[PDB]
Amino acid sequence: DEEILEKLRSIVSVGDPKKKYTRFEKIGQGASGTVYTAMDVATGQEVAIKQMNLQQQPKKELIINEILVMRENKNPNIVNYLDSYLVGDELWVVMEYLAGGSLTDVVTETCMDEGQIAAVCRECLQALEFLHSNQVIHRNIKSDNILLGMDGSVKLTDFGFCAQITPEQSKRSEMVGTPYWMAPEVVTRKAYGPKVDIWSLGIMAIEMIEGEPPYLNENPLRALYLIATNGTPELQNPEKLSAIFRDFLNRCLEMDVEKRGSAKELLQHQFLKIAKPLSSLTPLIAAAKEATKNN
């Protein structure tokens, strides 16, 4: 529709990004747009800006929904929205910039100890508690969507797949997310809720342990089948984990949605009590950057 486009345009101001921001440097590109780093002229704040051609963009309703969700869900454990501009047919969206890279770089190139894993899980559960208390389900938790500051701060990004629920409609039933990280009830199209994010967090903790989510060697379709049929995945070497870490994982990856922990109750779990300070993550960030120099 041209109606859905006009609705998208209406929630964005018309203006020039260069009035407030400079030193644009392209760090990425794709169909969904070009991504730059840039700087706030008045404050010196480094920012991340996405340039997007609106005409060609499919499923504009998801762009409307992401912008709306960010504007009303600002939090220290989220990669926050700063501003947006319309210029001609292109949309510019300004976000905080995190210079420490993604958690994916860390889990694929380093060995995290349990204190560092507990820290990351805590910060993520803080974001999830905030989101769920505002009836937002992320539905795409994975290390790729966890970004790190150079001080070890931990923030969640990418709200392109999130669902807003209501007491009227408090559950969803559609297969949305990234296969390896999807909870069984999502994969098999049952009525589901916020605890699907708790499952995906459990899979991300398996990333921090083993380097990959379960079945990454398989194609996405085979992985969906395996999740549906196996339920709670198995660790290669559970012997290597503490009793309290194993219990934390079990409570994230519980098949029974009523038995699975909420974000609020996992924030009280004993595993998080051994978390190291976030400064402990900066050597991992340094390692990850070194590892990925050649790409």
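Residue numbers here begin at 1 and follow the sequence given.
Asker: For the stretches 206 to 214 and 186 to 194, which has the higher mean C-alpha B-factor as given in the deposited record?
Answerer: Between 206 to 214 and 186 to 194, it is 186 to 194.
Asker: Where do the C-alpha atoms have the higher mean temperature factor in this entry, in 19 to 27 or in 277 to 285?
Answerer: Averaged over C-alpha atoms, the B-factors run higher in 19 to 27.
Asker: In terms of recorded Cα temperature factor, pick the maximum from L253, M39, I49, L54.
Answerer: Comparing C-alpha B-factors across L253, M39, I49, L54, the top value belongs to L54.
Asker: In this PDB entry, which of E123, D113, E90, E96 has the top CA B-factor?
Answerer: If I rank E123, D113, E90, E96 by C-alpha B-factor, first place goes to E90.
Asker: If you rank every modelled residue in this chain by C-alpha B factor, which third holds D144: lowest, middle or highest?
Answerer: Answer is lowest: the recorded C-alpha B-factor places it there.
Asker: Of the three thirds of its chain by CA temperature factor, lowest, middle or highest, which one includes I165?
Answerer: CA B-factor rank for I165: highest third.
Asker: Pull the Cα B-factor of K155 out of the PDB entry and bin it into the chain's lowest, middle or highest third.
Answerer: Answer is lowest: the recorded C-alpha B-factor places it there.
Asker: Hey, what third does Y85 fall into on Cα B-factor, ranked over its chain?
Answerer: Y85: CA B-factor falls in the highest third of its chain.
Asker: For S133, does the deposited CA B-factor place it in the lowest, middle or highest third of the chain?
Answerer: CA B-factor rank for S133: highest third.
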